[PDB]
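Trainee: Quick one: structure below, then a few questions.
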Amino acid sequence: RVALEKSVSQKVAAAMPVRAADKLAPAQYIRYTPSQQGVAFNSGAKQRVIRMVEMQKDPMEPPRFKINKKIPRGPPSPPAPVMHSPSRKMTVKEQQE
Amino acid sequence: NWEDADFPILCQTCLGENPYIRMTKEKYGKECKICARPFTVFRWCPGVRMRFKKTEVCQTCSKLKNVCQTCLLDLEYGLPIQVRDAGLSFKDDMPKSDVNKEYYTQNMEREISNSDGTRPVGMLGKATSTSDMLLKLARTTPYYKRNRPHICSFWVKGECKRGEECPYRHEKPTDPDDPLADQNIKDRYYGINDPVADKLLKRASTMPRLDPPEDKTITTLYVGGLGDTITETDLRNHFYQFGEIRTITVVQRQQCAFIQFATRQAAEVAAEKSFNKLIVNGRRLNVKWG
Amino acid sequence: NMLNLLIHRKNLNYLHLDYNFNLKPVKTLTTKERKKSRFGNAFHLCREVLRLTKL
Amino acid sequence: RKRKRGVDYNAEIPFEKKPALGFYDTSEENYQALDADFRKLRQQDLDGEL
Amino acid sequence: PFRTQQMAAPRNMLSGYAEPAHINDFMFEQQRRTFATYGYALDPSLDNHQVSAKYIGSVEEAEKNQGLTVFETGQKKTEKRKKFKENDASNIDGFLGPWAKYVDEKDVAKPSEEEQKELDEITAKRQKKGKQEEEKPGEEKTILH
Amino acid sequence: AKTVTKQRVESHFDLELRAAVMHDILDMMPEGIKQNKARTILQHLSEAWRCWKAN
Amino acid sequence: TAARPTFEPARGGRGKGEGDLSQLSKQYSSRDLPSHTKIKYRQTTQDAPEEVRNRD
RNA sequence: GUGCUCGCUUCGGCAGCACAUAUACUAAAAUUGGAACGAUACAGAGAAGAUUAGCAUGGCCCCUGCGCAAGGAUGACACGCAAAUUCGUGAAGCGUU
RNA sequence: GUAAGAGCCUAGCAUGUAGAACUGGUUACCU
Ligand SMILES: [Mg+2]
Ligand SMILES: [Mg+2]
Ligand SMILES: [Mg+2]
Ligand SMILES: [Zn+2]
Ligand SMILES: [Zn+2]
Ligand SMILES: [Zn+2]
């Protein structure tokens, strides 16, 4: 139920897109290890800390990109083995009837 | 589908020379320069006199081809994709025509989002077998001339009214009568007719390399720069890898060691492994034919 | 400005919104141009509300 | 040429599925292409007799 | 031996390991402006050798200026640039309070005497590719067969 | 997903009846029958309804 | 020809709520407005599941 | 920059301290490609004779509409040598074992 | 006898991109 309600909220957010229009400043930190070490890269360091602020959205701005573009259905997931029985033998008489 | 993944996939010559970065995250900011689907654009400034670089391609289009999202160079080596596929195979064959491209992108996006989220989904097994010529021209230290503000086009008309305050460079642009000037995004990304990669391959082809055994069945190796500080007991300990080793003549006066193997295939394999690579006891051992 | 940026984004250069929010065709339209340039109650409600406020 | 699709047919393989691979090495072998013979060949000759 | 530098590193998504930190804002931006102003800062890596405290940058200027930050009173104080001043706001078309340009450096920067001609040449090189002018070739061509 | 309002009612009934008959003949045939012949049985259903209306 | 039956229906999963909510469209109908935003539950006299559990 | 400095100490300069602490999709651009439903020529409404109401079906076709209404020629497209696994009888003539 | 293919013709709406890879070489024995 906790997993479902989140997806519900993300769907329902379209139904009222702008009622008390949104707020965004949880500016957060992330520690990152370049996996490139051999140092001439940070300056001599092994990690780097990055402060992420989310870009502030314009209230008065329409959707940006074309979404109506339409493409055919991709391949389905790999076929399952069919697991039937040996198969009943069929007669000429019943095949004709 | 949208892309929407946190914290981009970046190299170290674009992420900056400062270990303290402030970047902004825009949720569906631009469209991808390849995929043409919208993705999460991250904008940071590397250093002080830099350009505010941003990611150009999707997380997905970098997971396909193991590249950085803004320089479009290999995360491990720092080279164009045509050079790395030259030093590998080319079995991806990403479509370039329209409907095929969006169809392939949809299916590979389902493939990646039906997996872990850590490996270069097709490039992994071929990325095991590496260390071709690309390692001998891999860039050692970052080229921070990439992160650099463009030529002031008002200064080209001699009319830059900002003068000393303009954050764009007042220096010469490159002569357009140059192969190293055209450089489309998709040409750099698919590995097709990239002139930077052409010049890197022309340099790596004229890199010094093995010669064949000119006369038949001769396995004789002519070792110059042998050195008088090393021992022949370590030579066999390095050399029993290849096969049935025959006699090893040693001349420590000209610093030349003569080597014979069973088959000429083993001598060619030793030529492959040894030439211009092998440094034992911290001292370069040169091997030649004749 | 909003209403005729909506007009000019739809490439309807043969319509003209005057300064009192009257929408008139500049020329005599074909059937295809007339079907392309039919607006709905949203556009005309906003246009007539703006007519009342400009009065 | 002004159309969205359509040039995708000769340029590459249209909605290409690679054959699923396994248990037998299928990388060395390859097929020999068609002899052109562009001095006898007819549109009727490729499609065959209806 | 069947893994590379990227494949042997403890990575989380294709280029390394990324984990949420909780550094204090002031100290973070302090070391950030310390590197952006002078060229050195303390190391935010959490092990790297597990001994005391190393500086990561242009470490030669770090000991020269004692390892100071931007929030602290500096050692050097010399060679100030000279600017105009008219803080009165009483003379019209003479006031420039904080909009005071320096006395030495000035506005529009033409490149040079030769650089302009070279840029004219490079625009002319661009012009020959656009191409649009084509005279009707009346050049005569004859001889005696 | 267009709604079945008033002008789609009879067409949708005939669209769904035909699908029900498709399912029933796929399940009614025994194990080794050639799995063609759906179209012919649907033609017979159309004919039986026209003979029903024709008495 | 033009007049023809179906013999295959349309498959769901490729539009407006199907995979990424049509990549998060800002289009919504009047019928998609907030309405009946509170589930009623069965009370003690109605047929609450505690009342229905002990019963023979 | 301002102020306090029982700072040198004049009303000039300097010293210390306090407060104040990191804008910018960085352009007045250079470029770079794609579109319109208008003319201009050819062209002319689906249902086995003709004249025709329509309602659907399917998706790498969309348009007007706020529309899960409704229209767009029933909006258009759909017209196909429509061949998918898998064979056998009987008699006669000729050559062969 | 239509305002649509087709099909031509001329058109103009979006971008402010990513990128520039450039250096090394010796010779010698017995019949
Ligand atoms: Mg209709
Ligand atoms: Mg009709
Ligand atoms: Mg229809
Ligand atoms: Zn992409
Ligand atoms: Zn990069
Ligand atoms: Zn400038």
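We're sticking with Swiss-Prot numbering for chain B, so the shown stretch reads 14-303, in order.
Recorded method for this deposit: electron microscopy, 2.9 Å.
Backbone N, Cα and C define each Cβ position, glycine as well.
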Trainee: If you check Swiss-Prot, which of B:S102, B:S110, B:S142 turns up marked as phosphoserine?
Mentor: B:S102
Trainee: Quickly, which of B:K46, B:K66, B:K149 does Swiss-Prot have down as SUMO2 cross-link? Just give the residue.
Mentor: B:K149
Trainee: Could you check Swiss-Prot and say which of B:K38, B:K43, B:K139, B:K199 is marked as SUMO2 cross-link?
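Mentor: Of B:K38, B:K43, B:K139, B:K199, Swiss-Prot lists B:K139 as: SUMO2 cross-link.
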Trainee: Look through B:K67, B:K104, B:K114, B:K290 and state which residue has the annotation SUMO2 cross-link in Swiss-Prot.
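Mentor: The SUMO2 cross-link feature in Swiss-Prot corresponds to B:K290.
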Trainee: According to Swiss-Prot, which of these ranges is zinc finger: B:159-186, B:215-242?
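Mentor: Here Swiss-Prot associates zinc finger with the stretch B:159-186.
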Trainee: For B:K149 (SUMO2 cross-link), identify the closest of the recorded positions B:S102, B:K139, B:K212, B:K290, judging by Cα separation.
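Mentor: Going through B:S102, B:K139, B:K212, B:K290 one by one, the Cα closest to that of B:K149 (SUMO2 cross-link) is B:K290.
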Trainee: Hey, which bits of the same chain come close to the zinc finger (B:159-186), Cβ under 8 Å, at least six residues off its ends?
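Mentor: Non-local partners: 26-27, 29, 59-60, 62-64, 66, 84.
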Trainee: Once the DSSP letters are reduced so that anything not helix or strand counts as coil, what is B:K290 (SUMO2 cross-link)?
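Mentor: Its secondary structure by DSSP: coil.
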Trainee: For the zinc finger (B:159-186), jot down how many residues DSSP puts in helix, in strand and in coil.
Mentor: 7 helix, 2 strand, 19 coil
